[PDB]
Amino acid sequence: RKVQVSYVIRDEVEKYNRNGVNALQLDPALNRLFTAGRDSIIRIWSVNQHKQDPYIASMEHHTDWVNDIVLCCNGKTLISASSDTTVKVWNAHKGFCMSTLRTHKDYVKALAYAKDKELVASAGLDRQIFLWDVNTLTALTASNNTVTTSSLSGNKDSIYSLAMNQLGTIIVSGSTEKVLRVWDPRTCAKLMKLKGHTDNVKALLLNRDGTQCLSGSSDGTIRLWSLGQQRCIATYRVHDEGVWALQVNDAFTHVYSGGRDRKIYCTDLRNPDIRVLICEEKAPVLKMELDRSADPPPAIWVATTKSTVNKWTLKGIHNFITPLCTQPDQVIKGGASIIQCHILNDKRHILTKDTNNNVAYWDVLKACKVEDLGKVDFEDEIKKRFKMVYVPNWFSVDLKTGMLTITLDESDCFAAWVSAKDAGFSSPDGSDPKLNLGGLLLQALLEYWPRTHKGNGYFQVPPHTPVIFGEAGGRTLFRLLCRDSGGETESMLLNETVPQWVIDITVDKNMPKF
Amino acid sequence: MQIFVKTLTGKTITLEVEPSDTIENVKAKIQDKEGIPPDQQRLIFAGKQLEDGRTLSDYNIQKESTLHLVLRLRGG
Amino acid sequence: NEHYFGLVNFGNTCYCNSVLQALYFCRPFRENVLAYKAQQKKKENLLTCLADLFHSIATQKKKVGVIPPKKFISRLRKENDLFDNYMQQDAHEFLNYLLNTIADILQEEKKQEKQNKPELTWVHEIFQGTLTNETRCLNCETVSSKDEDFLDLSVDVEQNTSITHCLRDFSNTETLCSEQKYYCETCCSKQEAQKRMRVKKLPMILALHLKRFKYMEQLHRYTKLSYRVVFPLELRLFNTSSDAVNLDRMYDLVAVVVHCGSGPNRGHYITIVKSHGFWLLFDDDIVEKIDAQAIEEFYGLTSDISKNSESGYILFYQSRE
Ligand SMILES: [Zn+2]
């Protein structure tokens, strides 16, 4: 497959989430919160409340959305699943990536964990489930590992949810196939199919024994299934829209639910008529995590489309549709996500509208924000900043992370030649030559690579710029900061990943013909 | 902008077009995914077989538009 | 007062003759054309030639005969260099050209009276319909509807099926996944989606085009699909729309444009039309009656044992007036 160079216009440290959180994780041992963001960055927060700055650090390695995060090995070790088709093994205490399991062939949507067996499951859109031993993934000893992958077979459609009981004797998958498939993870053999749902299962929950299962579908129904009976024992219709997130009390007699309708409800499973409304969020609920410090749970952490993570106090359920909450007690801040983007007639500048309706002017080539225009009309501004020039397209933009990501592809990268004077690069008193924008940039990106030795000789790209090399399909090859190209190990990596089309103009410096 | 093409088997494929893109250039993008040479392709939209010279903007083809890919059946 | 007339083939012009036959047996079209003839603009365009031709057929002394459509064909060659040749062409391509060409003539005529928001021509009143493409992003679950007009429907075809089943899966919810992921504007990423095309507004005449071709990506050539694909004499079509009013229109097979030949690069086009209860076949100049059972039973093909496989290509379904 063909390789594409990509970079991200952002600041070295992106402290706050910039696209909403797909999954949450709470460490009871250290009172820490893990937020798997759609900005491809996992972050650590302190939940002691009485801390002005809750931010601890951020785990940056992923390239697309982090869909799920499983925290294991009694304290810290984090397993992540992402739309970047990989599963990453992290030492959660220090916050660094150990291994990248490149076994999935599509977006890895969900992870499942069985504490009593140090077993972790992974599933995604590629209709395949893989079982992993955490103690094997974390082991550094390498004693005749002969690392053979273990997979479950059955799924006829893209998997959106996974769940495993604490003992690791039951595993259930949720997909667009509507029906939920079950296996014995220990023996890998099939168990049952559970027909009942008229839509997608995005939320799956199991008790300790695994004798019963809770499911939240996009059809709006919560279902309690009896595994020993192989049938649905209770159907709960609470939300007006689909249900995406689920959380249960230690007993397994109350279900905490959230969906597209932004409402969060704790419903008594035993008798559904006793349904309590926690609150209504400002964005649809993606995933939830309970404060399991005491029974009943005293708080609940809510992840939504919005980059701000809220903690709502449950304390009042025993005393108390009017909600129990109006304002959260603890709030993790969130930065703006670029929702709209326009490339102007000069293929150098970009206009963007963030979630806060602020409009910004950007320089693609010099990889930076040139101006802040504030809360103005974006549509009118595009028309107001019209340029009477023809420059062919040479780059791609993607706001999947909420941050600006530019993609240089072989097919059109060297398509745009502009005059040095017309490009702003005033050179007195040398006549303005025709410069190839793509080339000039590629040079500025791999400026610190010894193989290329100085730079483009006109402008400089911020030295903290993430420079990613990956296949058009999805698989990333290598990732590094612009300034890190100089290091031995990085320079070696560049030599094994940088494609020939890039090498032709960066090292060989054979500038294309008009 | 992304438009759809209903292939010869009914399978829908996505295309990453621009309104400025010519009909012959749309065909080339289809060739990459399907393998069909443009000379052999025929695209129907809004009951109109799209002319090679024209662009998508001309035919008012916007995001989410479904082009119907079809071939010839020469007869005398 | 019925006129069953053949049409002379002037060197691989069957693709053209066969469409004219089918169009002549679509009474709203024929009546409309004949009416256009009457005004007599007298400026030679493809529409005037068509009307002059349809007029000869309609106002002939004998009920059965043969007409050389030289005049029309001359204009078709003058008006289109891709048809200005003795090469064999596609009937559907001709139909599309002819219908849009004569709609565009009318679109101009409609505008020239206003001279001394858009308007729909009588070509559209007869063959136009409207679809609604709904696209549900599977991540945010926001549904995006989009209306798109149609003059005919190019249906996919499967081995040992019916025109109804093909119409059924044409309107079925397909999943956009893997390499075909949908770009969701609210998600700002590519996500799996459900795509469904349902009928919003029914055409007075449903023109069905069967995608009877298979491309061989490796062999670098395409084949003709001569599958047994059955077509009913009647079609039940129901309406989606506003849901304030609902339509359950019953259609009737008026004409079938059929392509004879084992391959897609060469062949012969004929038309079978239903006129006054009984069916009749038009092979250029030759016009002969055919028994109802011998119609559908010969337009498919079982296994391979059927010489130069005659297959149904364009189907004309007329509303019950
Ligand atoms: Zn979406």
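Just so it is clear, chain C uses Swiss-Prot numbers, and the residues here are 31-146, 162-366, in order.
Note: Cβ is positioned from N, Cα and C throughout, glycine not excepted.
Around C:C44 (active site, nucleophile), a 10 Å sphere centred on its CB holds 26 further CB atoms from the protein chains shown. Annotated active site, nucleophile per Swiss-Prot: C:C44, in sequence order, evidence recorded as experimental evidence.
Swiss-Prot lists C:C182, C:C185, C:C229, C:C232 with the feature Zn(2+) binding site. If you take the C-beta of C:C229 (Zn(2+) binding site) and look for same-chain residues 6 or more apart in sequence within under 8 angstroms, you find C:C182, C:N184, C:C185, C:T187, C:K235, C:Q236, C:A238.
Residues or ranges marked as active site, proton acceptor by Swiss-Prot on the basis of sequence analysis: C:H313. Within 10 Å of the C-beta of C:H313 (active site, proton acceptor) we count 21 further C-beta atoms, all protein chains included.
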* For the stretch where 15 residues weren't modelled, take the C-alpha of C:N146 and of C:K162 and tell me their separation in angstrom, rounded to whole. => 18
* Residues near the Zn(2+) site, C:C182, C:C185, C:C229, C:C232 excluded, by Cβ within 8 Å of the Cβ center? -> C:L183, C:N184, C:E186, C:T187, C:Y227, C:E230, C:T231, C:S234, C:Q236, C:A238
* Subset of C:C182, C:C185, C:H313 (recorded positions) with C-beta under 8 Å from chain B -> C:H313
* Would you mind pulling the DSSP three-state label for C:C185 (Zn(2+) binding site)? => coil
* Please classify the secondary structure at C:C229 (Zn(2+) binding site) using three-state DSSP. => strand
* Residue among binding-site residues C:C182, C:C185, C:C232 with least C-beta crowding, 10 angstrom cut-off -> C:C185
* To do: Round to the nearest Å and give the CA-to-CA distance linking C:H313 (active site, proton acceptor) with C:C232 (Zn(2+) binding site).
  => 51
